[PDB]
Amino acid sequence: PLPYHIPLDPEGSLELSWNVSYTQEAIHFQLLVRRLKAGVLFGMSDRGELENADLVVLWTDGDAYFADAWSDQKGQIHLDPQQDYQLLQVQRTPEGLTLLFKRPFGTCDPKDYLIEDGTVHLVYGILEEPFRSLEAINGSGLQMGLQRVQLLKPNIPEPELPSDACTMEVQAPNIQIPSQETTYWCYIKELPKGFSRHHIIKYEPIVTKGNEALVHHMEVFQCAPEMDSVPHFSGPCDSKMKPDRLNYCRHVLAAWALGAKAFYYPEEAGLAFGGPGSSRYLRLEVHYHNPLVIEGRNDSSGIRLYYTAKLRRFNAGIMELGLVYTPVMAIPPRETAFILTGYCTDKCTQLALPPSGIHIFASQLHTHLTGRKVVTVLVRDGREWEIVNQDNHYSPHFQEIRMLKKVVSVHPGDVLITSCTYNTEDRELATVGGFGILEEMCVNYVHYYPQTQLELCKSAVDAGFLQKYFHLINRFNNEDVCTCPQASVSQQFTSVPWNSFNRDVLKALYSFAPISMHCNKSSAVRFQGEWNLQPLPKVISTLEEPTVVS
């Protein structure tokens, strides 16, 4: 058939399957309607709203007619005089009525939606009641929903597993999530004794059948190699009942977030764990968000690993690009698009990268609720070379590990620039970087080869410069005010009255001020050098991108 498919409506009366051609630069959609009552509409839109939508509609109104349509800002449906969607075939089968139609990635028509890399928001609706023309169609009698998907796939078959492949299950024991709002939970598991060295070539999530809903992030780590670690453990990650060490495992075997399905490795590489000289226990950290907050729902959740005995050609690593989690990075309220940027500097890459460089075959983008756009680009001496990963339509609810269509080569001395665009319009206060639900993140997880000791390449604004910012706006408020309060970064940001000047000066600060750079190893230690007050990477540059049927 057509290789990709998803359900649209929960009832499954609507099924969408599609295929992509990058030579023709076009998508072929096939829509299956099993049960058609009244009429049905399908299309795509920016955030998945019915408003400002690029659509296709069918009516039963006659004795069955199909037309291209578009919707305005108020959600009213109008016919499309040109056609972006081109109807190809219509056939009636036992499964239902099938419609094959074709669209280019983009049109010279500016009105239409533009298909590109990253997330695409599909809109579907089932119009319950017969309505005629388009414009009669009302919110009433319309079942109106959205589905998120990646329209442009790498078009590669998922490799699958040799006769050697074995499964290892890393799960929490069956533990009680506190009645607190938010919990981040550490657990210590260990490998069988005398465990020879292996490559994890696959992993998939495991979530208890009542909790799919409660568990929104899971991660599996390795502590520093030099060390033989603490006894067996289940419980929260801040507590001091818990020891010393851990805290020392930032090394990353596995990562899962909402929307991410199973992941298969590229065949050039696998992820190495066990064997001599590289060590220990696995640390599982599970993030529980519990608006529910009722008697402890008992949960053993985790990740399943698929591993092969020994080596594929290269060892694959995972690198964290982005903003460090600190309050000093903040988004003012009532912002339509506000951009936070973080960096991997040439100094860090020069220090931590091999002469050959690394090859990025995958990326996963991560923000919190206010995240809208995420992009990572590659820059060489102030000239933008390549786009590592891009999602303009990105949603926090849909976060998946994507195989890059083109593997990207990163060399020492290159700068990796990561930017996230946020919308704070639903927030009355400044949103700050942090672990909390009301706080934000900008992160790009990169899956690359050959493995290096570089894991966190991240940056943040210099604290001192943020302080002079605060004092600058304070004094712009005039009065006189010789006052030097310290820290309370979250408490300073919440205390700032937000006006055009404060916002613009904050944005200016982010676009100007030097950065505290974090270059850290798998060992959860920095690369020696002085990484504070680094000159802000800047780009001298930018890269340029060029009737009704029946």
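All residue numbers refer to positions in the sequence shown, first residue = 1.
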*Determine, for stretches 18-26 and 523-531, which one has the higher mean CA B-factor as deposited.*
523-531
*Looking at the deposited entry, does 510-518 or 484-492 carry the larger mean Cα B-factor?*
484-492
*Please work out which residue in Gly342, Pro236, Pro154, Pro450 has the highest C-alpha B-factor recorded for this crystal structure.*
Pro236
*For the C-alpha B-factor as written in the entry, point me to the maximum among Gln467, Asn298, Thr349, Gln143.*
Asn298
*Sorting the chain's modelled residues by C-alpha B-factor, tell me whether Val215 ends up in the lowest, middle or highest third.*
highest
*How does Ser500 rank on Cα B-factor within its chain, lowest, middle or highest third?*
middle
*Among the chain's modelled residues, which third holds the C-alpha B-factor of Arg383?*
middle
*Third of chain Cα B-factors occupied by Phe195*: highest
*Comparing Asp61 with the other modelled residues of its chain, is its CA B-factor in the lowest, middle or highest third?*
highest
